[PDB]
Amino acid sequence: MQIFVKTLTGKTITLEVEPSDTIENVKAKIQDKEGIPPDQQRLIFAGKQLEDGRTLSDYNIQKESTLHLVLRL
């Protein structure tokens, strides 16, 4: 599966994931590609901020889905 991520600055990043991947596995791939600490990642989908424990399937995230990544601190 592939999914996409958009940032508050307009930039998109592609990621290869699996329907079983947890949310903490998703930002941790984001830590491999862009270097952002996972603790400093907010991932937003269909109006809910994702929780590290659940999975992509849990949140009904399929192929071609676009998440939102807000950074905080």
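Rigid core: the largest C-alpha set superposing within 1.5 Å between the two forms. A residue's number is simply how far along the shown sequence it sits, counting from 1.
**Student:** Between 18 to 26 and 5 to 13, which has the larger RMS C-alpha deviation from this form in 5 other deposited structures of this protein after core superposition?
**Tutor:** Looking at 5 to 13 and 18 to 26 in 5 other deposited structures of this protein, the bigger mover is 5 to 13.
**Student:** If you rank every modelled residue in this chain by C-alpha B factor, which third holds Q49: lowest, middle or highest?
**Tutor:** Middle third.
**Student:** Would the CA B-factor of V17 place it in the lowest, middle or highest third of its chain?
**Tutor:** Highest third.
**Student:** Based on the entry's values, in what third of the chain does the Cα temperature factor of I23 lie: lowest, middle or highest?
**Tutor:** Its C-alpha B-factor belongs to the highest third of this chain's values.
**Student:** Give the position of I3 by CA B-factor within its chain, expressed as the lowest, middle or highest third.
**Tutor:** Bottom third by C-alpha B-factor.
**Student:** Lowest, middle or highest third: where is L73 by C-alpha B factor in its chain?
**Tutor:** Its C-alpha B-factor belongs to the highest third of this chain's values.
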